[PDB]
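A.B. asks: using only what follows, build the 3D model:
(11 chains, ligands or ions: 6)
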Amino acid sequence: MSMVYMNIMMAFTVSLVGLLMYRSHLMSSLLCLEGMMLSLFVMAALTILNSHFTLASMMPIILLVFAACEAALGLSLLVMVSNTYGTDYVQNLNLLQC
Amino acid sequence: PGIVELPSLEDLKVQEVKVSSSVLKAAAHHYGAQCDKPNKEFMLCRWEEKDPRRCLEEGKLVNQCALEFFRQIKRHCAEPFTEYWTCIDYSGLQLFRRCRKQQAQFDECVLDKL
Amino acid sequence: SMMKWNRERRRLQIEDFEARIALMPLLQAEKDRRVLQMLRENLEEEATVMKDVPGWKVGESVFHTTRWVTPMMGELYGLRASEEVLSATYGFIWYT
Amino acid sequence: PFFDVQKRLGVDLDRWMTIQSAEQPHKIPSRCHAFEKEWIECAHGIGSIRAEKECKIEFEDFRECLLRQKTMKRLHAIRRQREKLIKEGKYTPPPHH
Amino acid sequence: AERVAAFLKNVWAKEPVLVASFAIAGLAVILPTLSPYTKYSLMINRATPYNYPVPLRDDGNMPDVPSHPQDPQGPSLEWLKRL
Amino acid sequence: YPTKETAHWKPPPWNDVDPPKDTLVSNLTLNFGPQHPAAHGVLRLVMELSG
Amino acid sequence: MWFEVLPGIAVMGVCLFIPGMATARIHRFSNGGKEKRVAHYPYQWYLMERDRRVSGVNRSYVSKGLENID
Amino acid sequence: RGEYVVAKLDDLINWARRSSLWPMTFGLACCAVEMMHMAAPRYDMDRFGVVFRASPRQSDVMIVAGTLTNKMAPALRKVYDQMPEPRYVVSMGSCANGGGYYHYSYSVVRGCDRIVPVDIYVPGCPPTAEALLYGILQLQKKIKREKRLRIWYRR
Amino acid sequence: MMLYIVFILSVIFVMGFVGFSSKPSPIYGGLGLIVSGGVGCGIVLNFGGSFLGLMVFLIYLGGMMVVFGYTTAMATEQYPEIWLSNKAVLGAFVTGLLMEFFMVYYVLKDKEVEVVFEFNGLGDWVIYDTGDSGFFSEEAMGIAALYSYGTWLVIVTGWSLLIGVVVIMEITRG
Amino acid sequence: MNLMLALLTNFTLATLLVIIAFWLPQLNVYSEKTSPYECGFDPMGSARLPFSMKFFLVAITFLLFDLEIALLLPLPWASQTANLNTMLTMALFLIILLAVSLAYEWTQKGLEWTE
Amino acid sequence: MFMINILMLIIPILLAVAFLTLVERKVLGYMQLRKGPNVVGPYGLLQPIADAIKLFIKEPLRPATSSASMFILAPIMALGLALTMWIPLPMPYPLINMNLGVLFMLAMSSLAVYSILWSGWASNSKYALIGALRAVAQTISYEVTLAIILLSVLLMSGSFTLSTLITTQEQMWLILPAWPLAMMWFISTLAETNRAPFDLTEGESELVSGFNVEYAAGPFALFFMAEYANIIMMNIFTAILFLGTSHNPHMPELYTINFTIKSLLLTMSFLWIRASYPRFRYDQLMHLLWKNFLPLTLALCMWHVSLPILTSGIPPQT
Ligand SMILES: CCCCCCCCCCCCCCCCCC(=O)OC[C@H](COP(=O)([O-])OCC[N+](C)(C)C)OC(=O)CCCCCCCCCCCCCCCCC
Ligand SMILES: CCCCCCCCCCCCO[C@@H]1O[C@H](CO)[C@@H](O[C@H]2O[C@H](CO)[C@@H](O)[C@H](O)[C@H]2O)[C@H](O)[C@H]1O
Ligand SMILES: CCCCCCCCCCCCO[C@@H]1O[C@H](CO)[C@@H](O[C@H]2O[C@H](CO)[C@@H](O)[C@H](O)[C@H]2O)[C@H](O)[C@H]1O
Ligand SMILES: CCCCCCCCCCCCO[C@@H]1O[C@H](CO)[C@@H](O[C@H]2O[C@H](CO)[C@@H](O)[C@H](O)[C@H]2O)[C@H](O)[C@H]1O
Ligand SMILES: CCCCCCCCCCCCO[C@@H]1O[C@H](CO)[C@@H](O[C@H]2O[C@H](CO)[C@@H](O)[C@H](O)[C@H]2O)[C@H](O)[C@H]1O
Ligand code: SF4
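C.D. replies: Residues are numbered from 1 along each chain as shown, chains lettered A, B, ... in the order given. Ligands and ions are numbered 1, 2, ... in the order given. Have a look at this structure:
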């Protein structure tokens, strides 16, 4: 494939590894989810624009709409985690081991 | 998978209509009226064949009719036409609406002399 | 007032669009020759550059079909100075 | 679709955007329109098992149009040979290049 | 009507901004169906030629298709000039 | 099956509700004055703020 | 008095006039005395590219009229 | 001639600095009321380029307008240290000058010059708004006489 | 060099991703995401998507501003971590940069590269379309068709956004 | 190329002014001068301590509403369609649902800041 | 020649910004029964020059607790993006003619907010942080209404190109058919530029100096220039949107003179407003936009989608 696809596919993989390798802040990982959506938007937009798939031009817009619903949902849960524990640390969410 | 058959450079040779877009736009409405037949025959060819190499001869007749069309303007209405496409050329958008006076002079010239 | 003005702007757009429709055959005829001529020149220089290459067959398609296929930018401007390649690829996007 | 209510009800919910050779606004064609049309018509009705072998030529052409992988492989070779010859001094480009 | 009319005069006193909003949104929803000029919007949009008009092969039996653009046959925009 | 790794596990609450942490969402403490346009230059208004 | 605020307004007005005046004049200078060609859509850029080829001097603002048709 | 060039550059930086003195919005007691009257229309300090700014980072002058107590002294020194340089201090009124009516009190600093260096002392209890303005214009003339670049040239 | 503009932007695109994927303080992660949003907008613009490019930049700028507010409230510590302050963060940062540097160095050396999957490296311009002169923006025509072709898309997205408001209210009402 | 040049010049000009600002003046750096500002008294606690957001729900609602404008911005182009019956209905449907969503959050006290 | 065109854009901008500072001080002064600057140069004409020189030979401070890189970056962003906002403005010809010029200006305005957030956060001080979070609240308040207000106006113009607004208003100012939107646009620009009665991110009487409280000297000047540059630019945007000037292609300077007068008067109204009103509370600003403008803006966005269609007056796409 063309060389741009190398860097966009690399960007998605970097964000995916970022998502799968948590640190402490839950917000750091929610950022990696938004990054994953950014790389999909760019990769989808390039393919659609290059091929002149006219009707598909709206598809990246729809992707962003549900990226925001995902982001808003992630922040709402972060608020409730923050209220319960005083931090958004993910190691506090271990009650359900038992 | 096979070699692509390209016409030789000496089959692509036609006399070119070397005028600027402002010149083409000024004459476009009369050009579309006068050169309809060869022009609509080339476009029916291109859409039917879906191949530029299958329509070269038709495309050459488009060029010839265009040169003949501009020769007629040159012989009769050269000066009213130059004023008109000079006015169109000034506009960054090449707007018809800014040059209705020069267009009127050109239109009545070609209406009388042709 | 805006209704009347926007109606006149729609009548002016139609006239502008129709002048383009008048000229499209001439522009289409020219574009065909320029593309075919540019492809011929690429094939002349492919012949010499790849003359010594063992398996090369100059001008060979990558498609099984013999139908005409519109060339991509790399094929049309494959062996041309970057300045004209830059103009043909990014000229329109970068114009103001 | 798992349940084909679209076919039964005769309502087009999403199959208008499934292929690039379907009707587009103002009849703008996709770059690979003809290749997609050729592959789609070859494979129509015969099923994927047959289409995977009996329409391989059409699919390969369509795939080449989509990603142009073989075209860049060819242009890469010509560009590599040219840069080799130039430095060796064997080749001079024509005035129009 | 009294209950609704009394409700109207109440929201004018308390929330005139929301009264205007609902009034404006209502006219947006309703007037396009009552307008006599709505039909021309589609006609104008349809008459704008973004695409080349590819000619038809004269098979010898399409009497309602013009041979020349200045021939009588075909759609006309006289309605648009008088608009 | 008890194991050394699960020795510290306790059955969950009967009604699924764990007690609330006594964690302190501490308030921000701000020196509002003395050198402040609204403190009249000599008021050290020590304020505890939540937002 | 209030009219003593005008000198600063006049200086401010002159400065805000220059960018528009300069851009308009620089455009005419760089396009042979005409407005800079506006290319919002591919069609307009195609015509401008053809003008550059047709000019003979690689300038899309050098127009060729009937004098160039034989 | 370097002497001539540095002399003219001194005039420019001096002129720019005295023409744009931004006092810190900082006042302590009754003297601060007369400072308000200097900003009021009759005297319009702003017409001299003198503009109050609340942040010490954006101030050139500290006008100590009122009594400095022992409890307030560390805060006054703090906000003076936080002024970037060059910075100037105008002592306004008897209290700031040397303690004034409260000189013998257990809780009062006997003059703000025990805490910060002072460029101008404005006498009065309070100095009139005009007296304070006279002090500001006296500060301007002190800045006009500065020889920073001429002394650097001869170092 | 300008012919490789899309490739250069895509390199910065990845660098921004390494920025926030190494997960420093979310203040700096947000900055990394904003840079990638801008260059990502630059990349999509160079393929003819002016509206898509600007829209994704506009959306992520609003998003990261809300993330900034939530960071100062719910994801802060006394010593927020830059990339150099934490060994795990620094190691991820350098690892990502080195992998990117190597893929770039080799793909620009051979005009091609094989990093798992074969990528051509002739410049992204070779694949572009050659023949267009329409009086409209094709991307604009496709996007506008949302309201005439995409009735079904409008309904499901419209409903999802309304339910989203309902849902966040429920989730955050303890 | 013109756009890139214009951006480079703007930020180059701003960067140069900052370089002059830091290398032209005479500095006198010491501890008390650069300490954080809190009206003359030392701060109590770090400024990095959590700062509660009382409009947190409006902020999340902003993300959803901010995306609606991305759906609505193409409306001038959609008005150029021949299929105006569908486009107008769908255009009004989207705005109405946004208005309903605002009304819900309003009536359910979602726009009021936490106390 | 284009590089010269750029310099003939930003140097005048900086000069106009410098003398706007004088004009505001004089205009405010006379509304307050005083004079404002009238000593430093005749009628105070040199006052801006003294202030600029003063600030740039003043010692800049990097606070001990501050994040060094972000602290320096933010003022560069503020001024660099303030200048960027001017390049697509048709006066009557833009320096950069854009297809989506309005969308470019929205995006560049959103990016500029981060020069407030990062300066405030990088300072690492309480008044700076409070100021920054007020900017978060301010952007949430006006951004959605601002975009939808523009949309409604652009449904009469037909495109996102700023030069098309000149064509749209050839016969009549858009303020006539859209004065309700012009009113709500005008208030939004006051909130967008952090101007009174929405000067909350600074909020002097409350936060000393808010987000820029730790900034001194040259770095402080950059924030000041950026703000006053945005005040003029936002009022040029308003003049183009609603008070469109007629453009004679052969006498483009007549457009510039007329358009400059309108831009100046609109800028004066900003100074006028600052002299007249008290300040909003920053929660009350959010409720103003969301509970008043947004309901009205949604309704008027519906009306301006339908009005072209029902009157058969849809603008041309091109
Ligand atoms: C909107 C843009 C506006 C920008 C305006 C820019 C300012 C224009 C006016 C310039 C006037 C000349 C500057 C003089 C101010 C110097 C500060 C000062 O007063 O220090 C006193 C000092 C006095 O030092 P000193 O040796 O006497 O003693 C100080 C040390 N202690 C405290 C121990 C006593 O002057 C100097 O040290 C040098 C004076 C040099 C004068 C020539 C200036 C050259 C500047 C180049 C510096 C090199 C770094 C590059 C910076 C960027 C270059 C542009
Ligand atoms: C011009 C014709 C179109 C007009 C459409 C007007 C619709 C207005 C919708 C309500 C907007 C007002 O917002 C709020 O509404 C509630 C009811 O919901 C009103 O309160 C009302 O509640 C109930 C009815 O529901 C009544 O018993 C009560 O007496 C009345 O005050 C408030 O006065 C007002 O604060
Ligand atoms: C802050 C971190 C920033 C990271 C940015 C990362 C950038 C990635 C590297 C991009 C460099 C690409 O480098 C690009 O390669 C091609 C190779 O043909 C060169 O293109 C070349 O074309 C022909 C080849 O015969 C030569 O005559 C010409 O001299 C040369 O320009 C470009 O001149 C060069 O600019
Ligand atoms: C919570 C869910 C809320 C759902 C709200 C849905 C609101 C829908 C309100 C009706 C809006 C459309 O109303 C309808 O508009 C179309 C134009 O677009 C009009 O259509 C008319 O003009 C068009 C051209 O513009 C012609 O093609 C058509 O033949 C003609 O009938 C209809 O006469 C009118 O009835
Ligand atoms: C399609 C676009 C045009 C339509 C407009 C769409 C937005 C409609 C918003 C409707 C809001 C109705 O519901 C709203 O709920 C609250 C209850 O908390 C009511 O009442 C409350 O709010 C108002 C104002 O904040 C207060 O004066 C009142 O004291 C309080 O009780 C509002 O008066 C009412 O307006
Ligand atoms: S000097 Fe006089 S007026 Fe000033 S603070 Fe002291 S007692 Fe009050």
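A.B. asks: and for the residue of chain G found nearest ligand 2, the neighbour number?
C.D. replies: Closest to ligand 2 within chain G is residue G:40: 42.1 Å, counting by CB to the nearest ligand atom. Just so you know, the C-beta spots here come from the backbone N, C-alpha and C atoms, and that holds for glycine as well. Using other CB atoms under 10 Å in any protein chain shown, residue G:40 is surrounded by 22 other residues.
A.B. asks: checking it next. Helix, strand or coil?
C.D. replies: Following DSSP: H, G, I helix; E, B strand; the rest coil, residue G:40 is assigned to coil.
A.B. asks: I'd guessed it sits against residue K:98; true?
C.D. replies: No - assessed by CB atoms under 8 Å, residue G:40 is found out of contact with residue K:98, at 9.2 Å.
A.B. asks: what's the spacing between the residue of chain G closest to ligand 2 and residue B:92?
C.D. replies: Distance from residue G:40 to residue B:92, counting by CB to CB, to the nearest Å: 11 Å.
A.B. asks: name the nearest residue to the residue in chain A that chain H sits nearest to, ignoring sequence neighbours.
C.D. replies: The minimum distance from chain A to chain H, using CB to the nearest CB, falls at residue A:27 (31.6 Å). Closest residue in space to residue A:27, ignoring its immediate chain neighbours: residue I:75 at 3.8 Å, by CB to CB, 6 or more residues apart in numbering or on different chains.
A.B. asks: next up, the contacts around that neighbour.
C.D. replies: By CB atoms under 8 Å, 6 or more residues apart in numbering or on different chains, the contact list for residue I:75 reads A:25-28, A:78, A:87-88, I:25-26.
A.B. asks: can you list the buried residues in the longest helix along chain J?
C.D. replies: Ranked by number of residues, the top helix in chain J under DSSP state H is helix J:84-107. The neighbour-count check on helix J:84-107 (16 or more other CB atoms under 10 Å in any protein chain shown) flags J:84, J:86-88, J:90-92, J:94-99, J:101-102, J:105-106 as buried.
A.B. asks: and what of stretch I:26-39?
C.D. replies: I:26-39.
A.B. asks: before we move on, what about stretch D:45-57?
C.D. replies: D:51, D:55.
A.B. asks: chain center to that stretch: distance?
C.D. replies: 17 Å (CA atoms, centre = their mean, to the nearest Å).
A.B. asks: looking at this, residue K:8 is in a helix?
C.D. replies: Yes - counting by three-state DSSP, residue K:8 is located in a helix.
A.B. asks: which residue is the nearest non-sequential neighbour of it?
C.D. replies: Spatial nearest neighbour of residue K:8, excluding adjacent residues (CB to CB, 6+ apart): residue G:22 at 3.9 Å.
A.B. asks: hang on, the one you found packs against residue K:5?
C.D. replies: Yes - counting by CB under 8 Å, residue K:5 is a contact partner of residue G:22 at 6.6 Å.
A.B. asks: who has more neighbours, these two?
C.D. replies: Applying other CB under 10 Å to residue G:22 and residue K:5 shows that residue K:5 carries more neighbours, namely 22 against 19.
A.B. asks: excluding its backbone neighbours, what's nearest that one?
C.D. replies: Sequence neighbours aside, residue G:26 is the residue nearest to residue K:5 in space, at 4.9 Å (criterion: CB to CB, 6+ apart).
A.B. asks: check contacts around the one you found.
C.D. replies: Neighbours of residue G:26 in contact, by CB under 8 Å, 6+ apart: K:1-2, K:4-5, K:8.
A.B. asks: between these, which is nearest chain J?
C.D. replies: residue K:2 (5.8 Å).
A.B. asks: enumerate the residues of chain F near chain A.
C.D. replies: When proximity is defined by CB under 8 Å from any CB of the partner chain, chain F lies next to chain A at F:6, F:9-12, F:18, F:20-21, F:23-25.
A.B. asks: tell me the phi and psi of the residue nearest to residue K:8?
C.D. replies: When read as degrees, to the nearest 10, the backbone of residue G:22 gives phi -70, psi -40.
A.B. asks: most distant residue from the middle of chain F?
C.D. replies: Among the C-alpha atoms of chain F, the one farthest from their average position, using CA atoms, centre = their mean, is that of residue F:1, at 38.8 Å.
A.B. asks: you'd agree it is in a helix?
C.D. replies: No - under the criterion used here (three-state DSSP), residue F:1 is coil, not part of a helix.
A.B. asks: okay, now residue J:12: neighbour count?
C.D. replies: Residue J:12: 12 surrounding residues under other CB under 10 Å.
A.B. asks: any idea how far it lies from residue J:4?
C.D. replies: Here the criterion is CB to CB. By it, residue J:12 lies 12 Å from residue J:4.
A.B. asks: got it, and residue K:254?
C.D. replies: Here residue K:254 is placed at a distance of 33 Å from residue J:4 (CB to CB).
A.B. asks: how about the secondary structure of the one residue sitting closest to the centre of chain A?
C.D. replies: Centroid check for chain A by CA atoms, centre = their mean gives residue A:33 as the closest residue, at 2.0 Å. With three-state DSSP as the basis, residue A:33 sits in helix.
A.B. asks: how close does whatever residue of the stretch 1-150 of chain K ends up closest to chain B get to residue B:86?
C.D. replies: Among the residues of the stretch 1-150 of chain K, residue K:93 lies nearest to chain B; the distance is 7.9 Å by CB to the nearest CB. Plainly put, residue K:93 is 20 Å away from residue B:86 if you go by CB to CB.
A.B. asks: residue B:67 now?
C.D. replies: Residue B:67 is 21 Å from residue B:86, where distance means CB to CB.
A.B. asks: quick check: phi and psi at residue I:115.
C.D. replies: Backbone geometry at residue I:115, expressed as degrees, to the nearest 10, gives phi -110, psi 80.
A.B. asks: next one: the one 4 residues further on
C.D. replies: Summarising the backbone geometry of residue I:119 under the convention degrees, to the nearest 10, its torsions are phi -120, psi 130.
A.B. asks: ok, residue I:114 next?
C.D. replies: According to degrees, to the nearest 10, residue I:114 has phi -130, psi 90.
A.B. asks: what of the one 3 residues further on?
C.D. replies: Recorded main-chain torsions at residue I:117 are phi -120, psi 150, according to degrees, to the nearest 10.
A.B. asks: quick one: contacts for it?
C.D. replies: For residue I:117, the contact set (CB under 8 Å, 6+ apart) comprises A:1, A:9.
A.B. asks: repeat for residue A:64
C.D. replies: Taking CB under 8 Å, 6+ apart, we find residue A:64 in contact with A:37, A:41, I:55-56, I:59, J:67, J:70.
A.B. asks: nearest to residue E:39 among those?
C.D. replies: residue J:70 (31.4 Å; CB to CB).
A.B. asks: now check the helix or strand containing the closest one, is it near ligand 5?
C.D. replies: Assigned by DSSP states H and E, residue J:70 belongs to helix J:56-72. No - no part of helix J:56-72 sits near ligand 5 under the criterion CB under 6 Å from any ligand atom; the closest distance found is 12.1 Å.
A.B. asks: list the helices and strands that helix packs on?
C.D. replies: When contacts are defined as 3 or more CB pairs under 8 Å, 6 or more residues apart in numbering or on different chains; DSSP states H and E, helix J:56-72 packs onto helix A:59-85, helix I:50-74, helix I:151-171, helix J:84-107, helix K:126-157.
A.B. asks: still on that earlier bit, neighbour count for residue K:93 and residue B:86, which is higher?
C.D. replies: Using other CB under 10 Å as the criterion, residue K:93 and residue B:86 rank with residue K:93 on top: 26 against 17.
A.B. asks: check contacts around the more buried one.
C.D. replies: Residue K:93 sits next to B:92, G:20, G:23-24, G:27, G:35-36, K:163, K:252 when contact means CB under 8 Å, 6+ apart.
A.B. asks: ok, and the closest non-adjacent residue to the residue in chain G positioned nearest to chain F?
C.D. replies: Chain G approaches chain F most closely through residue G:5 (26.7 Å), counting by CB to the nearest CB. Nearest residue to residue G:5, sequence neighbours excluded (CB to CB, 6+ apart): residue K:26, at 4.2 Å.
A.B. asks: residue E:72 in helix, strand or coil?
C.D. replies: coil.
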